[PDB]
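A closer look at the structure
Now for the letters of each chain:
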Amino acid sequence: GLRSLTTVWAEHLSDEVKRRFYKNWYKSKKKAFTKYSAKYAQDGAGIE
Amino acid sequence: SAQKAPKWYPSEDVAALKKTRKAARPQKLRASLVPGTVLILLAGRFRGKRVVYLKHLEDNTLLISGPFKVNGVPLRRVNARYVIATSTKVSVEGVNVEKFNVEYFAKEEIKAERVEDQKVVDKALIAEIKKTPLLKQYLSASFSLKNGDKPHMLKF
Amino acid sequence: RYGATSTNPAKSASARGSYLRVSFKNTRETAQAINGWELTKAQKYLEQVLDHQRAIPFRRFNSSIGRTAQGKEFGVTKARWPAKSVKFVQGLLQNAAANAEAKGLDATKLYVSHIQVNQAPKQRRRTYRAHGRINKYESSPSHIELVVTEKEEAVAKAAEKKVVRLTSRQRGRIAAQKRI
Amino acid sequence: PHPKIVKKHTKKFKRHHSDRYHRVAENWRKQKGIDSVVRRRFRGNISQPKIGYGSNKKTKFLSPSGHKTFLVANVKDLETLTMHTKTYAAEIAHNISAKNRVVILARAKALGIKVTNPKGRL
Amino acid sequence: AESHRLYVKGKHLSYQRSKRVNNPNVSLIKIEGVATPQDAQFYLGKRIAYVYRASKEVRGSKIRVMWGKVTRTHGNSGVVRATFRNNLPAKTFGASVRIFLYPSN
Amino acid sequence: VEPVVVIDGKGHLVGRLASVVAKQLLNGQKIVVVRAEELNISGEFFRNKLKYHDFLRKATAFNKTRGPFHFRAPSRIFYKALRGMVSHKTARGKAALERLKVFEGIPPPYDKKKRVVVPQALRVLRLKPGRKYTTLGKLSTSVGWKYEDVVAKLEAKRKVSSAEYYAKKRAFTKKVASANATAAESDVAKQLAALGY
RNA sequence: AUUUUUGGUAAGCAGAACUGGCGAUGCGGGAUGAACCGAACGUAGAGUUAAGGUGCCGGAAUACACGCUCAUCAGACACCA
RNA sequence: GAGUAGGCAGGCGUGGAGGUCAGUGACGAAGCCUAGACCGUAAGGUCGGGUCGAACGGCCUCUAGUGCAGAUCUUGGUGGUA
RNA sequence: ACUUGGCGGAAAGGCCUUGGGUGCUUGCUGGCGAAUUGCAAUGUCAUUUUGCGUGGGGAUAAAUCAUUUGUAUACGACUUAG
């Protein structure tokens, strides 16, 4: 059947969709998509 | 009395054996083992070597020596149940093997006599070999079973 | 006296409580929750499970009892808060810790090395059932006894050699590979 | 000297259902049931004692050593196996005191009689 | 150079069995490249060994060896019967054995 | 002989292949079957459809889950027919079936590996010319299997790329055969033709 | 239970004749089965066979030879379904 | 060289009894525990280790309230359900 | 061991393909060495799961309970919030 080859996100995900990935959110350092956002450091090489 | 007493104790005098009717006869070596034949060794330190057959001993073993300057195999005993006689034979009408007996290989580094008399037989053997083409390179090379090779189908 | 231990009596103190009127099954389970801990983490844990913050995981005597979230800590689904058991073992932790201080053991490395709950003789009452029958109504008291020892690392280091036996063929091949 | 000792059935003849029940001991007892699979000898059940298993008469009562075991109480009893050293092995009785074992082992080696027990009782 | 082989590749098929009952004394061995009992009769009386690796060094090496010899042929299709000094353990049904060219001819 | 055999399951009788493979696995020979969707069964499409529908209707009444699972894929139809011919309940059988893999088409690593056949389980070698047969590609989909033409796409891609590979290998083997033919009439070549090689 | 045989539509029913079996009997085979087939049994080794089989499960020829059969309800080993 | 019901024979084990081994034993009897050992086709016997603390055994014979898994057995104790 | 351009997504985790370097070469003649593993004893050379100290690169969190909600709730669980 169908299988997910890969997913790519935009560098700027709102605090709305960031809150999704945590169950004890306000204790967290909110480090979700920090390294993934830093993959847009150059002209989005990892993204392209 | 922890135990009463057995009244009859066996005669602990040991009896003599019956006179065995079987005297040792001289071995019937298979026709394929003729002094001068190249034997593939099957076991021991020198397993899968090619060796040259020189003499039948009193112990029903084979005095052989793949000349030390071809395959590093000295003058050695080898059992005939651990050799494959090849159909290739070197002339052995110029070697004095009459020196070697069973007490020669009494075990009781290497002895100087044993090294020099190795060199004496080796000189005669390598003189006979170098006549025939590729036979030193054959004797140099070791034996191994390959893929597709069926021992029962393989002639020697 | 004091069931099988593999620790040093020079570095141990013990405490015994015979014929203590507690549910044997509850007090076996508080003892197996506390076993192999530091005495400080153990004492603190028993006050937490009295005021319903963490629970005693019931592992063996865990039949038709309600599930609870406070079990997830221990990788179980079913846990409880045996007040009476917890209070009796607390009394025996404290009494052991007092003997361990009176002998002179550093109260910091003191960790419960052995804890065992046996069954006491059952106490006899009679209930009254329908159609004028009598039944037994038995308490199952407990024999609690625990040991607390000082923690020591640097062990084994053990044990034996490679006292090897070889044949002429083995030793000859060793002498060959050396010559190579 | 002796022929190479064989024992046709080495492992013990445990009573049927001795494993199953504690009331039942493994001390061999013949199954005298009307439907017993052990008595009727079905393919897969335990083997029963049969005279056919009987050990060779030349190897019977010999230990691995090759000596018929003789229980010995005191030196008086040991001094009977004097002309029978190739034949027997003295074995001190279970109820003999340590000091009496000192005397027997002294006398046993002095005559040259093999012993299986002490040990010297340390 | 690559090859070092001085045995034939045998495989432990099964024991000598009925439709149901098995005889663990006679082990059935399939030899590589044999077809009939006639082809198999070369290997009658040869020395088969089962080489396996334990985790404990016993007397120099962690490898141990269970020795046997070919007794006779089996069936129509070149299988042989082997007897081993100690019987094989049966977990080796499909494990390779080594058919040496010992007692030679 | 090989460490792992690879069998092209095309133009093969299901049960005959299954018996051959079942004995290989118990003897302890690692085998993968590929192109399991071109297997064949004796008798017309309809007979084997009805045989399957007779198998489908067999379910555990009191809970149709725990009942006999009816696997629809041609790879899993073969596996059923092969697991029938092994004592799968025993540890030897579990270990024997562990040596087997079955695929609908020729995936990776096996896409560039050599593919054998088993002449005693070929339709062409066995069935009388005139008798009608099934294709597990059509049967499997008529009974539930969804991926008929996903496998037809992936096979059509693999066969284009493998046709390019062969056309290059053959074009080369012309140069190797030509140079080996121009090595004849040499001292060495006459000595080899004497020894037979 | 084969054969002879009475009653009975009949029966894994009732009742007889001769013999052989189970009962009181394990073992190899008929998948399984008291009775069918083969063979009756101390403990082992080796060899050879019985009935029955030798695609795979499953030890053993996907043996050889002459024919027949294509079934959208094939057929497949006596007692026996 | 099979075997139910059954018969007979040869033994194994227990409480006592007469005789004997000038038997063993507080430097440890008997009892109990023992993924230690040896003997016996077996019933069983013997030994090592532990616990324990006051008696007990081999052999030739006499005698019997003499050998247990079943009796919805008896008494006492114990469980799983929980 | 390193570079060149590429090609592979069905499980592509692999296929090619450059130039270079550094080793070997039994294509062919040479020159030494090998014994004593004693007449066989697998006579040990493969592929994993590895924590263990070394010395270099790199990054610097979450979940659970307790509290809270009611889109959920027998108890767990689920959804919320801090």
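Residues numbered from 1 in each chain as written, not as in the entry; some residues may be left out. Chains lettered and ligands numbered in written order. Part of a larger assembly, values for the part shown. Heavy atoms only, no water.

By the method listed in its record, cryo-EM, this PDB entry was determined to a resolution of 2.9 Å.

What about the overall build of chain E?
The line we're drawing: Helix and strand assignments come from DSSP, with helices taken as H or I runs of at least 4 residues and strands as E runs of at least 2, each series counted from the N terminus. In this setup the radius of gyration rests on C-alpha atoms only. A globule is expected at 2.2 Å times the number of residues raised to 0.38. Relative accessibility under 20% of the residue-type maximum defines a buried residue, over 50% an exposed one, and the middle range a partly exposed one, all with a 1.4 Å probe and only protein chains included. Throughout, a contact is declared for two residues whenever any of their heavy atoms are within 4.5 Å. Accessible surface area values rest on a Shrake-Rupley calculation with a 1.4 Å probe, where residue burial reflects the displayed protein chains alone. Only four residue types enter the tally: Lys and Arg on the positive side, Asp and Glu on the negative side, with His and both chain ends excluded. Where a charge sits is defined by one atom per residue type, namely NZ (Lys), CZ (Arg), CG (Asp) or CD (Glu).
In terms of helices and strands, chain E carries one helix and six strands. What you see for chain E is a C-alpha radius of gyration of 14 Å, in line with the 13 Å of a compact globule of 105 residues. C-alpha extents for chain E along the principal axes are approximately 40 × 40 × 20 Å. Taking all 105 residues of chain E together, 38% fall into the buried category. Here the contacts in chain E between residues at least 6 apart in sequence split such that 55% fall between residues at least 24 apart. A total accessible area of about 6100 Å² is found for chain E, and carbon and sulfur atoms account for 47% of it. Within chain E, one finds 20 positive and 4 negative side-chain charges whose respective centroids are separated by 14 Å.

Looking at the protein's contact with RNA strand G
The condition that has to hold: We call a residue near a molecule or strand whenever a single non-hydrogen atom of that residue lies within 4 Å of it. Here a polar contact means two N or O atoms within 3.5 Å. Within protein one must be a hydrogen donor candidate and the other an acceptor candidate, and residues neighboring in sequence count only if both atoms are side-chain atoms.
Near RNA strand G lie 35 residues; those nearest to it are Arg41(D), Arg20(E), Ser19(F), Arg47(F) and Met85(F). Near the protein, meaning within 4 Å, the atoms of RNA strand G are sugar or phosphate in a fraction of 68%, with bases accounting for the rest. One of the backbone N or O atoms of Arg41(D) is found 2.4 Å from a sugar or linking oxygen in RNA strand G. Contributing elements (two or more residues each) for the surface near RNA strand G: helix 1 (37-40) of chain D, strand 2 (22-31) and strand 4 (63-74) of chain E together with helix 1 (14-27) and helix 2 (45-56) of chain F. By residue number, the principal contributor to the surface near RNA strand G is helix 1 of chain F, which donates five residues.

What about helix 2 (residues 39-48) of chain C?
Residues and elements named next belong to chain C. To be explicit about the condition: Summarising the geometry, the arc corresponds to the directions from the helix axis toward the C-beta atoms.
Along helix 2, the positions that sit buried rather than exposed are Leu39, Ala42, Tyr45 and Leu46. Viewed end-on, helix 2 has its buried residues packed into an arc of 125°, placing them on one side of the element. Counted as exposed and oriented over 90 degrees from the buried face of helix 2: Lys41 and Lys44. Where helix 2 is buried, its residues contact helix 1 (24-34), strand 2 (56-57), helix 3 (83-103), strand 4 (110-119) and strand 7 (142-150).

Comments concerning the protein's contact with RNA strand I
Taken together, 70 residues sit near RNA strand I, with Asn24(A), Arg67(C), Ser168(C), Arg179(C) and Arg98(E) positioned nearest. Within 4 Å of the protein, the contacting atoms of RNA strand I are drawn from sugar and phosphate to the extent of 56%. Residue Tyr22(A) places a side-chain N or O atom 2.9 Å away from a phosphate oxygen belonging to RNA strand I. One of the side-chain N or O atoms of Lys157(F) is found 2.7 Å from a phosphate oxygen in RNA strand I.

Brief notes about the pairing of strand 1 (residues 7-17) of chain E
All names here are of chain E. Note the cut-off: Between any two strands, at least two bridges found by DSSP are needed for them to pair.
Relative to strand 6 (residues 96-100), strand 1 is paired through five bridges, and the arrangement is antiparallel. For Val8, the partnering residue across the bridge sits in strand 6 and is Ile99. The pairing of strand 1 with strand 2 spans seven bridges and is antiparallel. Within the sheet, the bridge partner assigned to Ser14 lies in strand 2 and is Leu28. Joining the antiparallel neighbours strand 1 and strand 2 is a turn of four residues.

Thoughts on the environment of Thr80(D)
Along the chain, the position of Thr80(D) falls in the loop between helix 2 (75-78) and strand 2 (88-92). Residue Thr80(D) is classed as partly exposed on the basis of its relative accessible area, which comes to 36%. Every residue in contact with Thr80(D), bar those within four places of it in the chain, is listed here: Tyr9(B) and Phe70(D). A polar atom in the side chain of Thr80(D) sits 3.0 Å from the backbone oxygen of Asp77(D).

Comments concerning the packing of helix 1 of chain F against helix 3 (residues 74-83) of chain F
All names here are of chain F. Heads up, the rule is: Every axis in this analysis is a line fitted to C-alpha atoms, fitted for helices over the stretch in contact. Angles between the N-to-C directions lie between 0 and 180 degrees. Should an angle fall under 35 degrees it is taken as roughly parallel, and over 145 as roughly antiparallel, whereas 65 to 115 is taken as roughly perpendicular and any remaining angle as oblique. Take the far helix as the reference: if the near one is turned anticlockwise from it by less than a right angle, the crossing is left-handed, and if turned clockwise, right-handed. Charged means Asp, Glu, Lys or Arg here, nonpolar means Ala, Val, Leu, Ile, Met, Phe, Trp, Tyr, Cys or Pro, and polar covers whatever is left, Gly included.
Viewed as axis vectors pointing N to C, helix 1 and helix 3 meet at an angle of 60°, and their least axial separation amounts to 8 Å. As summarised for this structure, helix 1 and helix 3 are arranged oblique, according to the angle between their axes. Remark: the crossing between helix 1 and helix 3 carries right-handed chirality. Side by side, helix 1 and helix 3 meet where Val14, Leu17, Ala18, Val21, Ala22 and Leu25 of the first sit next to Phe78, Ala81 and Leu82 of the second. Counted by class, the contact of helix 1 with helix 3 contains nine nonpolar, no polar and no charged residues.

Let's talk about the sheet that holds strand 4 (residues 100-102) of chain F
Residues and elements named next belong to chain F. Spatially, the three strands line up as an open sheet ordered 1-2-4, and their pairing is parallel. The sheet terminates laterally at strand 1 (4-8) and strand 4, the two strands that pair on one side only. Averaged over all adjacent pairs, the angle separating strand axes in this sheet is 15°, with direction ignored. Relative to strand 4, strand 2 (residues 30-34) runs parallel, the two sharing three bridges. In the sheet register, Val33 faces strand 4, and the bridge partner there is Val102.

With respect to the environment of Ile92(D)
All names here are of chain D. With respect to the helices and strands, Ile92 occurs in strand 2. On a C-alpha basis, the gap between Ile92 and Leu78 in space is 9.0 Å, while along the polypeptide they are 14 residues apart. Discounting residues that sit within four places of it in the chain, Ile92 has contacts with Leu71, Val72, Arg101, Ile104, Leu105, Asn117 and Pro118.

A short note on helix 2 (residues 112-129) of chain B
Residue and element names in this part refer to chain B. The following threshold applies: Between the first and last residue of a helix there are one fewer steps than residues, each counted as 1.5 Å, and that sum is the expected span.
Along its 18 residues, helix 2 runs 26 Å from first to last C-alpha, staying within 8% of the 26 Å computed at 1.5 Å per residue. Among all positions in helix 2, only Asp117, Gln118, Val121, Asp122, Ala124, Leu125, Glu128 and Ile129 are buried. Check the buried side of helix 2 and you find it contacts strand 2 (50-56), helix 1 (68-71) and helix 3 (135-140).

Topic: the packing of helix 1 of chain C against helix 3 of chain C
All names here are of chain C. For the pair helix 1 and helix 3, the least separation of the axes is 9 Å and the interaxial angle reads 50°. Relative to helix 3, the element helix 1 lies oblique. Helix 3 is crossed by helix 1, and the crossing has right-handed handedness. Within the contact between the two elements, helix 1 uses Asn26, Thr27, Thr30 and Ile34 and helix 3 uses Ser85, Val86, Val89 and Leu93. Residues belonging to the contact of helix 1 with helix 3 are distributed by class as follows: four nonpolar, four polar and no charged.

Observations regarding the packing of aromatic side chains
We describe a pair of aromatic rings using the distance from one ring centre to the other and the angle between the two ring planes. Counted only if it meets this: Aromatic pairing here means that ring centres of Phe, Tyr or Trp (its six-membered ring) are within 6.5 Å. Orientation follows from the plane angle: under 30 degrees is stacked, over 60 is edge-to-face, and everything else is tilted. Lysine and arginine charges are scored as sitting over a ring when NZ or CZ, respectively, is within 6 Å of the ring centre and within 35 degrees of the ring normal.
Following the criterion strictly, the structure yields 25 aromatic pairs over all chains and no others. Put simply, the rings of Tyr82(B), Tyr7(E), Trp67(E), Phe100(E) and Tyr102(E) pair up and form one aromatic cluster. Lying across the ring of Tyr2(C), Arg16(C) places its NZ or CZ 5.0 Å from the centre. One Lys or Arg, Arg23(D), reaches over the ring of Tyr21(D) and ends 4.1 Å from the middle of that ring.

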